[PDB]
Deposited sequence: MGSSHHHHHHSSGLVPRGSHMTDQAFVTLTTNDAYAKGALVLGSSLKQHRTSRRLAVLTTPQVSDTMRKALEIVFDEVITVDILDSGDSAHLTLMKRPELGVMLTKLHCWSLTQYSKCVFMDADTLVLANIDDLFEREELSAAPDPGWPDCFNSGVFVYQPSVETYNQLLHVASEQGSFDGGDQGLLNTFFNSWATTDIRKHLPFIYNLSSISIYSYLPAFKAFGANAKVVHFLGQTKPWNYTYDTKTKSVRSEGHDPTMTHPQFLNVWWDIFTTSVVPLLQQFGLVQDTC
């Protein structure tokens, strides 16, 4: 509990909003775990200070700096910057186990039971469901694993240009091994899927614990009417939760 953390990532100010909403949603649902966020120097000082309030720990990662372990890998594969920054989540050995969550996720219920899971546990990716979606995963910080991941990144890159490809390649037994490493889809519910299989969403969507705003269009790319408490024209329910947290908890926090 005290050495377990939800870990997110923001490399800019737009995703910082996501991270702040995510962080707030975790607090709203009374996590007993630490909240940690990987940030980069490209995150402005005001977003950083807001992150320092919402999160227990704000970690600055500067892969553009030569002193960074991932930097050499970035020079080789400069398109892999976000991924390489994300991989620093494994560097957080002050924690024994973390749930990584993308900054464009949103928690709708307490998900501390994720810490029962082992590395690497993740929900299936829609589209290619023998890959896990790397938007939400349970992992164990380890310099060793970090180094191994960096090594694979350097050598092979990523089959999809992002962390997801690399993580699937590295944690490649996921599809065929240990059903407990399949997180229920409701722990990483693709916002695309809330219309991609409408009947299944109708059937099981009320059980959503985490919504993952895949895009294209992120929640902060919408216009939200604070009077009608709804985004302006998907079924907006989740966007509206995001915006309510953003409006209620995050914006007042930033107003300095």
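In this chain the deposited sequence has gaps in the coordinates at 1-20, 254-260, 284-291, listed in sequence order.
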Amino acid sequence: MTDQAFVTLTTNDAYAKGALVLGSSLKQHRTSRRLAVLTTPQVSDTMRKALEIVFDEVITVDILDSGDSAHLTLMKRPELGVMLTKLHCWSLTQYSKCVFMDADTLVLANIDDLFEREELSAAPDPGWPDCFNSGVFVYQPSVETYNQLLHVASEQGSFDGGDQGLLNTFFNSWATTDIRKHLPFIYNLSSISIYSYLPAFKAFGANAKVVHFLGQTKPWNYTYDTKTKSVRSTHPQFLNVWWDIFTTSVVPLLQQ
From here on, numbers count along this sequence of modelled residues.
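Averaged over CA atoms, B-factors in the entry run higher in 192-200 than in the other of 192-200 and 37-45. Look at the C-alpha B-factors of 174-182 and of 152-160. On average they run higher in 152-160. Of the candidates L26, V211, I59, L214, the PDB record gives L214 the highest C-alpha temperature factor. Of the candidates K97, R77, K86, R117, it is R77 whose Cα B-factor is highest according to the PDB record. Among the modelled residues of its chain, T8 has a C-alpha B-factor that falls in the lowest third, as given in the PDB entry. Among the modelled residues of its chain, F55 has a C-alpha B-factor that falls in the middle third, as given in the PDB entry.
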